[PDB]
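See below for the structure under consideration.
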Amino acid sequence: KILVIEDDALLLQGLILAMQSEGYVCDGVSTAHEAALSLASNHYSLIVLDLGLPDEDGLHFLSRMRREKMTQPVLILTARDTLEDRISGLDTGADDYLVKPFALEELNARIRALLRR
Amino acid sequence: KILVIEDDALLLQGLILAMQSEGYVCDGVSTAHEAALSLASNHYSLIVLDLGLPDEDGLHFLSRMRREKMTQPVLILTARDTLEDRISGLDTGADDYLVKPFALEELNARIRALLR
Ligand code: BEF
Ligand code: BEF
Ligand SMILES: [Mg+2]
Ligand SMILES: [Mg+2]
């Protein structure tokens, strides 16, 4: 089960379809707030996390998740593309960091890598 | 302890210095052959793997490592930058894939992530 957190609706819907195509169960949410509601009500094996979100920055939310001792693999998937952004994302507790625009099949391969580990 | 497999000597030496700066013990080798000798004689917690190597392609070597049920995190670090290359590297068993040219500090952060 994958949770995708992404505020662009068109992109989010396509990401859900992609995860389902890969044989995962997938829930998509558009805010950090909705993510917290979903994390409380369901168990996820991996989280895909956009950083630019309307209510709380994804990086701040990730910090909170790790402070709550959540250990799910997190892949950051974001338009924030600077070297500083990538390093801070990883050091905040992300397991991978993939910049937009990106190919769907690379996302799939990186999710496979994260999961078999 | 980190093993770095990279055939460009100037780059390899700098990578070793970088790993040591991060507080790791680090051995560097320039071929898949030397890597196999080192893997037999030492225990490594992570392997950094270049693909273009003189005697055996790094991707082929990685396939052999995984077939021998070696479970060390492997980060591929390579000039091979096509989408097919990246996917192939990951699916062959790499845990991350970072294309050249790259920043040392991103390599460091990705190695930290893998070791977590
Ligand atoms: F909104 Be994101 F970070 F692409
Ligand atoms: F020789 Be590599 F793949 F940069
Ligand atoms: Mg966004
Ligand atoms: Mg080479």
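Sequence lines set the chain letters: A, B, ... in the order given, protein chains first and strands last, and positions in each chain run from 1. Values below: every heavy atom of this structure, side chains too, minus hydrogens, waters and symmetry copies.
- When A:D50, A:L98, A:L62, A:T92 are each tested for a side chain to side chain contact (heavy atoms under 4.5 Å, CB included) with A:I76, only one passes: A:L62.
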Inset, instruction - Walk me through it: do B:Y97 and B:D85 pass the test side chain to side chain donor-acceptor pair (under 3.5 Å)? - result: CA-CA 9 Å; B:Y97 192 112; B:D85 288 331; 4.8 Å; no

Solution key, residues 28-39 of chain A side-chain donor-acceptor pairs under 3.5 Å, sequence neighbours excluded:
unit_1 : atom_1 : unit_2 : atom_2 : d
A:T31  : OG1    : A:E34  : N      : 3.0
A:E34  : OE1    : A:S30  : N      : 3.2
A:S38  : OG     : A:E34  : O      : 3.3

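- Using a 4.5 Å cut-off on side-chain heavy atoms (C-beta onward), B:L53 and B:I5 make contact.
- Side-chain atoms of B:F61 and B:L51, non-hydrogen and from C-beta on, never get closer than 4.5 Å to each other.
- At a threshold of 4.0 Å, the pair A:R66-A:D91 does not count as salt-bridged, since none of the basic side-chain nitrogens sits closer than that to a carboxylate oxygen.
- A:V99 and A:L11 fall into different hydrophobic clusters, where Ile, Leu, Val, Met, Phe, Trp and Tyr residues are linked whenever their side-chain heavy atoms come under 4.5 Å apart, directly or through other members.
- Under the 4.5 Å side-chain criterion, counting only non-hydrogen atoms from C-beta, A:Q72 is not in contact with A:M65.
- Under a cut-off of 6.0 angstrom, the local environment of CZ in A:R67 is sparse, with at most 12 non-hydrogen atoms contributed by other residues, nucleotides or ligands.
- For residues 5-17 of chain A, the salt bridge (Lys or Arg N to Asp or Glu O under 4.0 Å) pairs, not counting sequence neighbours, are A:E6-A:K100.
- When side chains are defined from C-beta on, B:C26 counts as touching B:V4, because their heavy atoms get closer than 4.5 Å.
- If you chain together hydrophobic residues whose side chains sit under 4.5 Å apart, B:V74 and B:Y44 fall into the same group.
- Using a cutoff of 4.0 Å between basic side-chain nitrogens and carboxylate oxygens, A:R64 and A:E68 are not scored as salt-bridged.
- Between the side chain of B:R86 and the backbone N or O of A:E106 there is no donor-acceptor pair closer than 3.5 Å.
- If you chain together hydrophobic residues whose side chains sit under 4.5 Å apart, B:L115 and B:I16 fall into the same group.
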